[PDB]
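What follows is a single structure, written as structure tokens, with notes after it.
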Amino acid sequence: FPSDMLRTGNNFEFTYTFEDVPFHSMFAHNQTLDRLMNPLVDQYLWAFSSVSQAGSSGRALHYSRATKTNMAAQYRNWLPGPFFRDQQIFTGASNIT
Amino acid sequence: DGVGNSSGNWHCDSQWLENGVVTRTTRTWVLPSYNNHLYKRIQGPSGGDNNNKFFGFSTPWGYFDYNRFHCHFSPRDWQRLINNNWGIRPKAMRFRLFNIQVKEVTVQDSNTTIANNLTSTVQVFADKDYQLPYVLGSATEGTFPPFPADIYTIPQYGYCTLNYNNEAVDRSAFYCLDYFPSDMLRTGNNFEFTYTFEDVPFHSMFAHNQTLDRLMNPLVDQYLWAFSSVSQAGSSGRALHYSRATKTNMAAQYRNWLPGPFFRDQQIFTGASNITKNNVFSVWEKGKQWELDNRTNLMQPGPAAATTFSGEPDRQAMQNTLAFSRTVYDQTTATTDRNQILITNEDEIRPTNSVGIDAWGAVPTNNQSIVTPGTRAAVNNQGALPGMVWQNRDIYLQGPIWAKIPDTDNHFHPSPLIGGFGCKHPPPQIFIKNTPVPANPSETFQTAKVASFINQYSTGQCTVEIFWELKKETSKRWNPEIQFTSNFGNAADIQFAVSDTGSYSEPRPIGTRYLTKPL
Amino acid sequence: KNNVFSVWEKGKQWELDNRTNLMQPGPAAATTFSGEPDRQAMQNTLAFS
Amino acid sequence: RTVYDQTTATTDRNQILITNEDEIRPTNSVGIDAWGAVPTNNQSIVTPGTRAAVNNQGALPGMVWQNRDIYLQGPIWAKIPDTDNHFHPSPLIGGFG
Amino acid sequence: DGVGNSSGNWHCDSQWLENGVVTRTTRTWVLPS
Amino acid sequence: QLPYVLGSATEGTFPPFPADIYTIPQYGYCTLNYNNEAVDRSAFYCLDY
Amino acid sequence: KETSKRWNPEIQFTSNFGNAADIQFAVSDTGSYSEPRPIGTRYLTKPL
Amino acid sequence: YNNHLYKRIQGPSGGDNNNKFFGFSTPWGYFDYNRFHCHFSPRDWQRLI
Amino acid sequence: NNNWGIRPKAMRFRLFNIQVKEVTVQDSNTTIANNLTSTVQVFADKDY
């Protein structure tokens, strides 16, 4: 490569400009991804719920709307990011055993 | 202006343009006084199940949720839309609120008396900077009625924050809506603002003429050789066979493309003959779910997948399909009959998207040899692979229009899994309140808090007007296409109209995808 | 060292609607380990006449 | 906790500084537990439905996630390799790709 | 003006400036006789 | 506006050698189907149109 | 063009054969073009 | 081709649903020049790569 | 957290949306109605 030879009187300098990169997010979130809902109201969306035994050999399909009481079964627009699982350790004085 | 001059008029029409449509609609609303003018702390139920626990606040405020399609479109305008057009997206929006009147309520001797308070105010603001929890994305109640004559009760605003079970973690936030600037409005005053949508992709209102794997020319053969089988040549010998895919054998053939990401779901038997073949179970047990923190949540819509195989309509995926009530007002939260509710069908995405019942594929799980025969396992869930294509769940006349894409470092195809248009900056939330008017004080100074207010509520009209951009069809298809037609034949009541009681009802769900396009 | 089998059985595949299709090229992957040229992936490599 | 320490292995945690990733908990799922569960078979009266946990999950439409945060002691940037294809090129240690 | 026209709006926000801050706040009051 | 059959790698390409002569292949296409019989959404394209 | 304030959807001409060996309004395997059903204009409705 | 007829081609009749298809064949032809050795000679290719 | 010092500079007070209510008590039952023509009087003492 070409280089700059420098004796004691000489100095070297250059400048550089970064390409556009996204801001690193220095904030946390106030909300959980699954709690984005309004807790006071209920959903209007029905969903399949369970199969039951009607009579001896018969069956019945149940549908239910998610209510402010039942958040676990509810419609959501979003999912957590890609995931690759890892093992756990017990990091503390009581758990270390 | 004044008490005797109207603030605005009633605009409910929708007019069609070349490459667009504006649907303006108007309602009459009522605003209760919520929480007796208090911010209260709501919390989840106390128990051992950590999934339904939450921490949040409820506010003495209300909000306009107009986010559904049938608020803006009539069933005819919707039909007129979906038959003639390949795509639709929102462009601009104008909300305005007028003809405010607040009523004062006094109850004495079990007899209520309502008189209008001319000097009382209503205060409204839109959150333009998205500095509040955004609750409109989730599909919940409190939307405008589909029918213009019905009256819209404005829902109460509350939100959830970061929590540890029911109790609150240190990072959880409390938002006071009285700490925003607002517009106080008496009966002469009105409120208005305009909004313009960010660029979002057209929703595809078309199906496909072709299957993803049938893109080939059926008359010719491939020029590409591929490994075929290993055979036994002699006693201990082996021979490797190679073969070109021929127009006869399509299954083993080279292709450039793969179906979209897939997360499998269980099947149910949805029909009179098959209903008996169902095992007894529940979604929470045998269904598909994702989990976050210490909680597990059903993955309710999930990524879109065809709901059933071709020619087998009665065995279909339990998780994917949306379902609606045929009236906005039904109080039943669970039902065992399907005639009461409307069940969507996702089959139009079948060419590109794989069915949710069957697996996505299979993978070799080991290195073969003469000692170990090769093994393989099914692929139930598959993330993104290069060369995937897939369709979004289609929007419905009854479904939600948009959602707010969260503010996060990373997004992957931010299409709302329920449906509609994901937005970085969605339509603002509009908050409305009855300013408190206190009851007479004690005439001597006291330090106690003011708990006594004049009981009152407000009502008025609100117009919402949206410009929708349309993508016209260009098609050389010779033969006619499927289109949405109303066939009930003879009936006591016509479909999509009021009954003799006066109740409006929507008899069947309506999706966009009818017109078709080559793949 | 090869066992007796066929691609349709022991191979990798994806399925669409009621049909199953071999995933013939698939996503690109190195066909063989370093220094082991004679043991290689059956699905990935293209072949020509 | 010092740039100059010569020890390459240690059994005490007071000597070294251990980061905590909990701020991404709302969007990102915890690494210990699985990402979810999938139905593994087609149910019937003959075969009860089965399901299996999802330990690794690639990208699905509608995912959101947070990057590992930068630290005062951590690396600032990395060079995204020259390749035909990248997926969210955020350096997995941290910083700006 | 009139009985049906509001006199003013609600301003409770506080905005930060270089070398300063304005805190505007609003309340509802009651005056006994 | 027509089914695009060129993506799939099939026969009927120009020869590699300029002296050879190129027999033009016949054009045909596949549409949405249920097994062999045709579903309602399948399309017929007339090239004379 | 139509101008209609009708609320509820209208009858329109839709092709429903469901499953079939040949698609309607298209050639057969012999190459013969055929029109399976007649088509009139009147679907949209107007007050009298 | 086809004695100037649009004909309906279809998949083979059997129990295997993988190779079944529905489509049409046209009295038309098309130019498929899509391969590299159509355009490049082996020397031009070497000179390129 | 970010600043060494603070002092006030200017101030603006304003009072609006006045409404006076009239109270009548009869039969241990209070009734409040707004008196449109009644006034409220305000002044600031500038000269201390």
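Going through the structure tokens in order, the chains are called A, B, and so on, while each chain numbers its residues from 1 and the ligands are numbered from 1 in the order shown.
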
message: Which of range 393-478 of chain B end up as strand (DSSP E or B) when DSSP is run on this backbone - answer as a PyMOL selection string?
response: chain B and resi 396+402-404+410-412+421-423+429-434+438+453+456-472

- request: Considering only C-alpha atoms, extract the chain H residues located within 7 Å of chain G and return them as a PyMOL selection string.
  value: chain H and resi 5-9

One-decimal distance in Å that lies between CA of residue 251 in chain B and CA of residue 9 in chain F: 14.6 Å

May I have the residues within 7 Å of residue 346 in chain B as a compact mmCIF listing (two decimals) with N, CA, C and O atoms, in the first residue's frame, using only C-alpha atoms and disregarding those fewer than 6 positions away in the same chain?
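Written out: out10.txt:
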```
# COMPACT_ATOMS: atom_id res chain seq x y z
N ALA B 306 -53.97 -20.48 4.37
CA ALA B 306 -55.23 -20.97 3.84
C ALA B 306 -55.94 -21.80 4.89
O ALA B 306 -55.31 -22.61 5.58
N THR B 307 -57.24 -21.59 5.03
CA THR B 307 -57.94 -22.16 6.18
C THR B 307 -58.30 -23.62 5.96
O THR B 307 -58.52 -24.36 6.92
N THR B 321 -58.99 -18.17 11.16
CA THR B 321 -60.11 -17.38 10.66
C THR B 321 -60.64 -16.40 11.70
O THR B 321 -60.76 -16.72 12.89
```

- request: Check every residue of chain B for an atom within 8 Å of chain C, counting only C-alpha atoms, and provide those that qualify as a PyMOL selection string.
  value: chain B and resi 213+223-232+238+251-256+258-259+309-310+350-355+359-364+368-376+385-387

Give me the residues within 12 Å of range 6-10 of chain E as an mmCIF file with N, CA, C and O atoms, in the first residue's frame, counting only C-alpha atoms and dropping any in the same chain fewer than 2 places off.
```
data_model
loop_
_atom_site.group_PDB
_atom_site.id
_atom_site.type_symbol
_atom_site.label_atom_id
_atom_site.label_comp_id
_atom_site.auth_asym_id
_atom_site.auth_seq_id
_atom_site.Cartn_x
_atom_site.Cartn_y
_atom_site.Cartn_z
ATOM 1 N N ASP B 1 -70.043 30.414 18.044
ATOM 2 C CA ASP B 1 -70.953 31.539 17.869
ATOM 3 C C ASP B 1 -71.952 31.660 19.011
ATOM 4 O O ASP B 1 -71.682 32.334 20.004
ATOM 5 N N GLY B 2 -73.103 30.999 18.880
ATOM 6 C CA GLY B 2 -74.197 31.172 19.810
ATOM 7 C C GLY B 2 -74.984 29.890 20.003
ATOM 8 O O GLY B 2 -74.754 28.887 19.331
ATOM 9 N N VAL B 3 -75.919 29.952 20.950
ATOM 10 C CA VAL B 3 -76.682 28.764 21.312
ATOM 11 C C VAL B 3 -77.710 28.442 20.239
ATOM 12 O O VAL B 3 -78.143 27.295 20.102
ATOM 13 N N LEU B 118 -76.248 25.586 29.574
ATOM 14 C CA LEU B 118 -75.758 26.313 28.409
ATOM 15 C C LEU B 118 -74.305 26.734 28.571
ATOM 16 O O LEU B 118 -73.583 26.874 27.579
ATOM 17 N N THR B 119 -73.853 26.939 29.799
ATOM 18 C CA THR B 119 -72.518 27.467 30.025
ATOM 19 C C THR B 119 -71.469 26.395 30.278
ATOM 20 O O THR B 119 -70.294 26.732 30.439
ATOM 21 N N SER B 120 -71.849 25.127 30.328
ATOM 22 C CA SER B 120 -70.871 24.081 30.567
ATOM 23 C C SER B 120 -70.122 23.748 29.286
ATOM 24 O O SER B 120 -70.614 23.973 28.181
ATOM 25 N N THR B 121 -68.920 23.201 29.442
ATOM 26 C CA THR B 121 -68.003 23.013 28.330
ATOM 27 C C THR B 121 -67.672 21.542 28.146
ATOM 28 O O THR B 121 -67.877 20.711 29.031
ATOM 29 N N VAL B 122 -67.163 21.245 26.959
ATOM 30 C CA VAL B 122 -66.565 19.967 26.609
ATOM 31 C C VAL B 122 -65.182 20.268 26.063
ATOM 32 O O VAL B 122 -65.007 21.245 25.330
ATOM 33 N N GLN B 123 -64.199 19.458 26.430
ATOM 34 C CA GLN B 123 -62.827 19.683 26.003
ATOM 35 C C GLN B 123 -62.302 18.485 25.229
ATOM 36 O O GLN B 123 -62.486 17.340 25.645
ATOM 37 N N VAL B 124 -61.668 18.763 24.092
ATOM 38 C CA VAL B 124 -61.265 17.757 23.120
ATOM 39 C C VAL B 124 -59.833 18.038 22.697
ATOM 40 O O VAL B 124 -59.442 19.199 22.545
ATOM 41 N N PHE B 125 -59.049 16.982 22.504
ATOM 42 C CA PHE B 125 -57.756 17.137 21.860
ATOM 43 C C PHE B 125 -57.417 15.848 21.137
ATOM 44 O O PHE B 125 -57.855 14.765 21.522
ATOM 45 N N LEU B 177 -54.162 12.894 31.353
ATOM 46 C CA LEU B 177 -54.640 13.514 30.125
ATOM 47 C C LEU B 177 -54.972 14.981 30.330
ATOM 48 O O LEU B 177 -55.089 15.728 29.356
ATOM 49 N N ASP B 178 -55.148 15.408 31.580
ATOM 50 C CA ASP B 178 -55.318 16.826 31.867
ATOM 51 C C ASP B 178 -54.013 17.591 31.781
ATOM 52 O O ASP B 178 -54.016 18.812 31.941
ATOM 53 N N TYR B 179 -52.898 16.906 31.555
ATOM 54 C CA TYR B 179 -51.625 17.596 31.420
ATOM 55 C C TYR B 179 -51.327 17.920 29.962
ATOM 56 O O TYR B 179 -50.263 18.457 29.645
ATOM 57 N N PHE B 180 -52.250 17.592 29.068
ATOM 58 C CA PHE B 180 -52.180 18.028 27.685
ATOM 59 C C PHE B 180 -52.961 19.325 27.491
ATOM 60 O O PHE B 180 -53.899 19.608 28.234
ATOM 61 N N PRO B 181 -52.606 20.125 26.487
ATOM 62 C CA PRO B 181 -53.469 21.247 26.107
ATOM 63 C C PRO B 181 -54.683 20.747 25.337
ATOM 64 O O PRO B 181 -54.590 19.799 24.559
ATOM 65 N N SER B 182 -55.826 21.398 25.549
ATOM 66 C CA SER B 182 -57.094 20.940 25.003
ATOM 67 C C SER B 182 -57.917 22.121 24.518
ATOM 68 O O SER B 182 -57.582 23.276 24.778
ATOM 69 N N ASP B 183 -58.996 21.817 23.804
ATOM 70 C CA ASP B 183 -59.908 22.854 23.349
ATOM 71 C C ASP B 183 -61.244 22.739 24.059
ATOM 72 O O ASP B 183 -61.995 21.789 23.844
ATOM 73 N N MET B 184 -61.558 23.725 24.885
ATOM 74 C CA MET B 184 -62.830 23.779 25.586
ATOM 75 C C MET B 184 -63.894 24.335 24.657
ATOM 76 O O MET B 184 -63.696 25.386 24.043
ATOM 77 N N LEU B 185 -65.029 23.648 24.584
ATOM 78 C CA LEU B 185 -66.049 23.920 23.588
ATOM 79 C C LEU B 185 -67.405 24.023 24.260
ATOM 80 O O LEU B 185 -67.847 23.075 24.910
ATOM 81 N N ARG B 186 -68.060 25.163 24.107
ATOM 82 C CA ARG B 186 -69.445 25.291 24.519
ATOM 83 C C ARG B 186 -70.348 24.960 23.338
ATOM 84 O O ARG B 186 -69.896 24.467 22.305
ATOM 85 N N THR B 187 -71.644 25.228 23.479
ATOM 86 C CA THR B 187 -72.597 24.766 22.480
ATOM 87 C C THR B 187 -72.378 25.442 21.135
ATOM 88 O O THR B 187 -72.718 24.879 20.091
ATOM 89 N N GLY B 188 -71.805 26.640 21.129
ATOM 90 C CA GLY B 188 -71.603 27.329 19.866
ATOM 91 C C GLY B 188 -70.328 26.904 19.167
ATOM 92 O O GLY B 188 -70.180 27.087 17.958
ATOM 93 N N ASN B 189 -69.391 26.350 19.920
ATOM 94 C CA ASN B 189 -68.070 26.007 19.430
ATOM 95 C C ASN B 189 -68.065 24.654 18.729
ATOM 96 O O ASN B 189 -68.894 23.784 18.994
ATOM 97 N N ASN B 190 -67.105 24.486 17.824
ATOM 98 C CA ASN B 190 -66.881 23.222 17.143
ATOM 99 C C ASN B 190 -65.386 22.952 17.064
ATOM 100 O O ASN B 190 -64.564 23.837 17.291
ATOM 101 N N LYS B 433 -63.947 14.939 26.845
ATOM 102 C CA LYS B 433 -64.237 14.929 28.266
ATOM 103 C C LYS B 433 -65.318 15.956 28.566
ATOM 104 O O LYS B 433 -65.463 16.955 27.863
ATOM 105 N N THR B 435 -65.940 18.657 31.150
ATOM 106 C CA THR B 435 -65.251 19.383 32.205
ATOM 107 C C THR B 435 -66.110 19.370 33.463
ATOM 108 O O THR B 435 -67.329 19.565 33.376
ATOM 109 N N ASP E 1 -68.117 37.845 25.169
ATOM 110 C CA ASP E 1 -68.957 37.594 24.006
ATOM 111 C C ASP E 1 -70.356 37.130 24.391
ATOM 112 O O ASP E 1 -71.255 37.949 24.574
ATOM 113 N N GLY E 2 -70.539 35.815 24.527
ATOM 114 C CA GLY E 2 -71.854 35.241 24.719
ATOM 115 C C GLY E 2 -71.810 34.012 25.607
ATOM 116 O O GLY E 2 -70.744 33.533 25.989
ATOM 117 N N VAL E 3 -73.004 33.519 25.929
ATOM 118 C CA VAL E 3 -73.115 32.402 26.858
ATOM 119 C C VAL E 3 -72.700 31.104 26.184
ATOM 120 O O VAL E 3 -72.296 30.146 26.848
ATOM 121 N N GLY E 4 -72.786 31.051 24.860
ATOM 122 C CA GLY E 4 -72.529 29.820 24.143
ATOM 123 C C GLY E 4 -71.165 29.758 23.498
ATOM 124 O O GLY E 4 -70.898 28.871 22.687
ATOM 125 N N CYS E 12 -52.154 22.913 29.874
ATOM 126 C CA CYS E 12 -51.371 22.423 31.002
ATOM 127 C C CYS E 12 -49.938 22.000 30.669
ATOM 128 O O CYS E 12 -49.222 21.587 31.586
ATOM 129 N N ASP E 13 -49.484 22.057 29.423
ATOM 130 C CA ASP E 13 -48.177 21.497 29.093
ATOM 131 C C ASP E 13 -47.039 22.369 29.618
ATOM 132 O O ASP E 13 -47.237 23.502 30.046
ATOM 133 N N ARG E 24 -46.859 26.137 31.910
ATOM 134 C CA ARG E 24 -48.217 26.645 31.952
ATOM 135 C C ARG E 24 -49.122 25.548 32.483
ATOM 136 O O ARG E 24 -48.962 24.381 32.124
ATOM 137 N N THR E 25 -50.032 25.920 33.371
ATOM 138 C CA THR E 25 -50.900 24.970 34.039
ATOM 139 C C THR E 25 -52.270 25.593 34.225
ATOM 140 O O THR E 25 -52.416 26.814 34.259
ATOM 141 N N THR E 26 -53.273 24.734 34.338
ATOM 142 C CA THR E 26 -54.663 25.144 34.349
ATOM 143 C C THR E 26 -55.401 24.357 35.420
ATOM 144 O O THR E 26 -55.102 23.187 35.659
ATOM 145 N N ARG E 27 -56.359 25.008 36.076
ATOM 146 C CA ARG E 27 -57.196 24.345 37.064
ATOM 147 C C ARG E 27 -58.644 24.755 36.876
ATOM 148 O O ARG E 27 -58.957 25.715 36.177
ATOM 149 N N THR E 28 -59.529 24.002 37.515
ATOM 150 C CA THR E 28 -60.928 24.361 37.666
ATOM 151 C C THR E 28 -61.165 24.751 39.114
ATOM 152 O O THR E 28 -60.735 24.045 40.028
ATOM 153 N N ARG I 14 -54.440 34.176 33.645
ATOM 154 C CA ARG I 14 -55.689 34.491 32.974
ATOM 155 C C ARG I 14 -56.802 33.566 33.430
ATOM 156 O O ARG I 14 -56.573 32.400 33.748
ATOM 157 N N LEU I 15 -58.012 34.113 33.445
ATOM 158 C CA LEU I 15 -59.176 33.529 34.090
ATOM 159 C C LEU I 15 -60.346 33.598 33.125
ATOM 160 O O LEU I 15 -60.619 34.659 32.560
ATOM 161 N N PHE I 16 -61.040 32.482 32.936
ATOM 162 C CA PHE I 16 -61.974 32.388 31.828
ATOM 163 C C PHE I 16 -63.029 31.333 32.133
ATOM 164 O O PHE I 16 -62.996 30.676 33.175
ATOM 165 N N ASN I 17 -63.970 31.174 31.199
ATOM 166 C CA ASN I 17 -65.081 30.231 31.316
ATOM 167 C C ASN I 17 -65.782 30.357 32.662
ATOM 168 O O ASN I 17 -65.973 29.383 33.386
ATOM 169 N N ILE I 18 -66.182 31.578 32.989
ATOM 170 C CA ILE I 18 -66.859 31.855 34.247
ATOM 171 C C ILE I 18 -68.308 31.421 34.125
ATOM 172 O O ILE I 18 -68.961 31.677 33.109
ATOM 173 N N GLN I 19 -68.807 30.735 35.141
ATOM 174 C CA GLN I 19 -70.225 30.443 35.243
ATOM 175 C C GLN I 19 -70.631 30.467 36.704
ATOM 176 O O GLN I 19 -69.972 29.849 37.542
#
```

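Computed from the coordinates, the CA of residue 40 in chain F to CA of residue 24 in chain G distance equals 8.7 Å.
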
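Distance-wise, CA of residue 115 in chain B and CA of residue 25 in chain I end up 18.4 Å apart.
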
- prompt: What residues in chain A lie within 10 Å of chain B, counting only C-alpha atoms, written as an MDAnalysis selection string?
  reply: chainID A and resid 22:25 27:54 57:82

Close residues, range 443-457 of chain B itself excluded, 6 Å, only C-alpha atoms, min 6 positions apart in chain, as a PyMOL selection string: (chain B and resi 31-32+102-105+437) or (chain E and resi 32-33)

Go ahead and write the selection's residues with N, CA, C and O atoms as an mmCIF file, in the first residue's frame.
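Result file is out_12.cif:
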```
data_model
loop_
_atom_site.group_PDB
_atom_site.id
_atom_site.type_symbol
_atom_site.label_atom_id
_atom_site.label_comp_id
_atom_site.auth_asym_id
_atom_site.auth_seq_id
_atom_site.Cartn_x
_atom_site.Cartn_y
_atom_site.Cartn_z
ATOM 1 N N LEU B 31 -71.583 11.224 25.591
ATOM 2 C CA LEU B 31 -70.387 11.111 26.404
ATOM 3 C C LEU B 31 -70.777 11.075 27.876
ATOM 4 O O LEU B 31 -71.221 12.096 28.423
ATOM 5 N N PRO B 32 -70.647 9.943 28.553
ATOM 6 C CA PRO B 32 -70.857 9.908 30.001
ATOM 7 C C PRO B 32 -69.748 10.641 30.727
ATOM 8 O O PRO B 32 -68.702 10.965 30.171
ATOM 9 N N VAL B 102 -74.560 19.973 26.286
ATOM 10 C CA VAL B 102 -74.379 19.250 27.536
ATOM 11 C C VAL B 102 -75.682 19.323 28.312
ATOM 12 O O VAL B 102 -76.320 20.379 28.375
ATOM 13 N N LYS B 103 -76.090 18.198 28.875
ATOM 14 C CA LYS B 103 -77.336 18.095 29.605
ATOM 15 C C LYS B 103 -77.038 17.864 31.076
ATOM 16 O O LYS B 103 -76.088 17.173 31.430
ATOM 17 N N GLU B 104 -77.867 18.447 31.929
ATOM 18 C CA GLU B 104 -77.744 18.324 33.372
ATOM 19 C C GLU B 104 -78.822 17.386 33.884
ATOM 20 O O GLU B 104 -79.986 17.510 33.498
ATOM 21 N N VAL B 105 -78.445 16.466 34.761
ATOM 22 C CA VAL B 105 -79.346 15.434 35.253
ATOM 23 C C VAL B 105 -79.544 15.626 36.747
ATOM 24 O O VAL B 105 -78.570 15.770 37.494
ATOM 25 N N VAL B 437 -68.173 20.298 36.706
ATOM 26 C CA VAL B 437 -68.843 21.447 37.301
ATOM 27 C C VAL B 437 -69.183 21.079 38.740
ATOM 28 O O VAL B 437 -70.036 20.213 38.962
ATOM 29 N N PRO E 32 -66.833 30.135 46.819
ATOM 30 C CA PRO E 32 -67.986 30.330 47.699
ATOM 31 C C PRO E 32 -68.292 31.805 47.871
ATOM 32 O O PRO E 32 -67.503 32.682 47.531
ATOM 33 N N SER E 33 -69.473 32.072 48.402
ATOM 34 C CA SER E 33 -69.819 33.414 48.854
ATOM 35 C C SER E 33 -69.496 33.457 50.339
ATOM 36 O O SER E 33 -70.180 32.831 51.150
#
```

task: Might you pull out every residue within 6 Å of range 32-39 of chain F, with only C-alpha atoms counted and same-chain residues fewer than 6 positions away left off, and present them as a PyMOL selection string?
output: (chain B and resi 209-211) or (chain G and resi 19-21) or (chain H and resi 10-11+20-22)

field: Long-range neighbours of residue 91 in chain D as a PyMOL selection string, 8 Å cut-off, only C-alpha atoms, 5 positions minimum in chain
entry: chain D and resi 77-78+96-97
